[PDB]
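Peer 1: With the entry's author numbering applied, the sequence shown corresponds to residues 1 to 168, 177 to 223, 231 to 302, 316 to 394, 403 to 435, in that order.
C-beta atoms are modelled at their ideal positions from N, C-alpha and C, and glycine is treated no differently.
I am attaching a structure below and will ask some questions about it afterwards.
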Amino acid sequence: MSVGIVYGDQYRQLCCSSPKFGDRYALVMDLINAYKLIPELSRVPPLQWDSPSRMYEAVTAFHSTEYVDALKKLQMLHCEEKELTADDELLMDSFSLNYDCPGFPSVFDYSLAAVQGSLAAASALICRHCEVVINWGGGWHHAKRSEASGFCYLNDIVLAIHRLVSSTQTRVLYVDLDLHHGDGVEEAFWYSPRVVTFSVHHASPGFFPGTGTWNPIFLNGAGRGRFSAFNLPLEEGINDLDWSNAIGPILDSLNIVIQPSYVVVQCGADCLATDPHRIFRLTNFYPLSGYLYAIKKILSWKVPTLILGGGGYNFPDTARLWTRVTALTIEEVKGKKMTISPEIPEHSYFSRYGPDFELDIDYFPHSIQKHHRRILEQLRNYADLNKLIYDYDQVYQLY
Ligand SMILES: O=C(NO)c1ccc(Cn2c3c(c4cc(F)ccc42)S[C@@H](c2ccccc2)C3)s1
Ligand SMILES: [K+]
Ligand SMILES: [K+]
Ligand SMILES: [Zn+2]
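Here it is in structure tokens:
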């Protein structure tokens, strides 16, 4: 079927307006365009509303009205340059709109744009216009109902998933490949068995955000959502092959047992060896990149799939990975080989890919069993609670 991608003049401007991510979205979309992939991709325009009331209703489907009000006020205050009052500082602090989530003149428009993009992508999948939609302007998994966290202000992912499950028994599998635990998305659906969340991440004492590991039992959801939240915490230094072998059987087993109506994939690029975090050692190599291995396996299920961005602080290498992810998605969905030159094509941001100007990232690659057994038990428990019938032998053999 069609492969959708979210972009537009306003969307590009708004996604490039944040001080933290700067022009990362521009580099990603321009590298995709420079490799002549845009004519293969169906443009999905960001969702717009008919009234401020309809926008509020859509955003407050997850977030509190007072939090959205505070975020709007923060944008207004940063627009008309004037110091915050003591009461303003206190209000912003109550919503964690202070330290890691500072104000800036376009903070609300930037945050809302990601929601508009991911909601439009969800709709495009629901009406069966595209089989896969990509939104490199989205993937902000940390935002909570009444709290900004990790430069995530509004949770585009939660609102997209909510729209998918609200459509016409619908089940959504969320896969979070970001370096960081997808705490916001996990928490939002903590009580739902219809939305299964799976985050693979680094966890270590004091490492953001501190969740998605032991606390000495593994929390995995509550009430009807019990056993429905999956986490694979991994130690520092893991490469393409070990990461692939760690998550491969989990993805296969989750797809087989859940039989999802939709798959939502957060594809945060901060696991790359060349990310300034310097924690994981993943690449964008395609002859194999763990990212490309995971995406190819997910797409092989032939389930309507939403692919989002997220983390990734090496902007050129994030662009190199996500261009490869967009080419692979076209190949797997349309069955059309997308030949990509090892040399970065001439375009606006060509100099940003120096000094080698190659598509492959400059890197030479060189405990899980216990997690696999635990996750196999959790998946059995999930199936037993929700009365899902599956071949226990088939799932066992995958690991
Ligand atoms: O990727 C994430 N979620 O998936 C993140 C959540 C919170 C994060 C932490 N984090 C980081 C920065 C930052 C800036 C912010 F305004 C808010 C959160 C921030 S500078 C970045 C860095 C790392 C190593 C070397 C130099 C710079 C780390 S990143
Ligand atoms: K993750
Ligand atoms: K859940
Ligand atoms: Zn991250």
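#1: Does the distance from the CB of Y277 to the CB of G236 come in under 9 Å?
#2: Label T289 either buried or exposed according to how many other C-beta atoms from any shown protein chain fall within 10 Å of its C-beta, with 16 as the threshold for buried.
#3: For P248, does the three-state DSSP call read helix, strand or coil?
#4: With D156 as the anchor, note down where its beta strand (DSSP E) starts and where it stops.
#5: What does a CB cutoff of less than 7 Å around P46 pick up in its chain, not counting 5 residues either side in sequence?
#6: Buried or exposed, going by whether 16 or more other CB atoms sit within 10 Å of the CB of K364?
#7: Use the C-beta contact count for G340: other C-beta atoms within 10 angstroms, 16 or more gives buried, fewer gives exposed.
#8: Which residue or residues does DSSP assign as beta-bridge partners of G4?
#9: Counting only the same chain and skipping the five closest in sequence on each side, list residues whose C-beta sits under 8 Å from that of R410.
#10: Less than 8 Å separating the Cβ of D186 from some heavy atom of ligand 2?
#11: So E131 packs on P332, CB below 8 Å; how close in whole Å?
#12: Could you check whether the Cβ of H78 sits closer than 8 Å to any heavy atom belonging to ligand 1?
#13: Among the candidates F108, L154, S166 and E89, whose CA atom is the shortest distance from the CA of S123?
#14: Classify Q430 as buried or exposed, calling it buried when 16 or more other Cβ atoms lie within 10 Å of its own Cβ.
#15: Quick one, are the C-beta atoms of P102 and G150 less than 9 Å apart?
#16: Measuring straight from C-alpha to C-alpha, what distance separates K406 and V28?
#17: Judging by CA-CA distance, which residue of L41, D23 and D109 is the nearest neighbour of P52?
#18: Could you check if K144 is buried or exposed, using at least 16 other CB atoms within 10 Å of its CB as the buried criterion?
Peer 2: On the basis of the supplied data:
#1: No, Cβ-Cβ distance for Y277 and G236 is not below 9 Å.
#2: With 16 or more Cβ atoms within 10 Å of its Cβ, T289 is classed as buried.
#3: Strand, per DSSP.
#4: For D156, no beta strand (DSSP E) segment is defined; the enclosing uninterrupted segment is the alpha helix (DSSP H) at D156 to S166.
#5: Hits under 7 Å: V6, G8, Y11, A113, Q116, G117 and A120.
#6: Of the other Cβ atoms in all chains shown, fewer than 16 fall within 10 Å of the Cβ of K364; this residue is therefore exposed.
#7: Classification of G340: buried, given that the 10 Å Cβ count is 16 or more.
#8: Note: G4 sits in a beta bridge opposite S42 and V133.
#9: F233.
#10: It does: the Cβ of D186 is within 8 Å (strictly closer) of some heavy atom of ligand 2.
#11: At roughly 6 Å, the Cβ-Cβ gap stays under 8 Å, so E131 and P332 are in contact.
#12: No; taking the cut-off as 8 Å, the Cβ of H78 has no heavy atom of ligand 1 nearer than that.
#13: Ranked by Cα distance from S123, the first of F108, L154, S166 and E89 is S166.
#14: Flag for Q430 reads exposed.
#15: No, the Cβ-Cβ distance between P102 and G150 is not below 9 Å.
#16: Here the alpha carbons of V28 and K406 stand approximately 38 Å from one another.
#17: The residue with the shortest Cα to Cα distance from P52 is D109.
#18: Buried is the call here.
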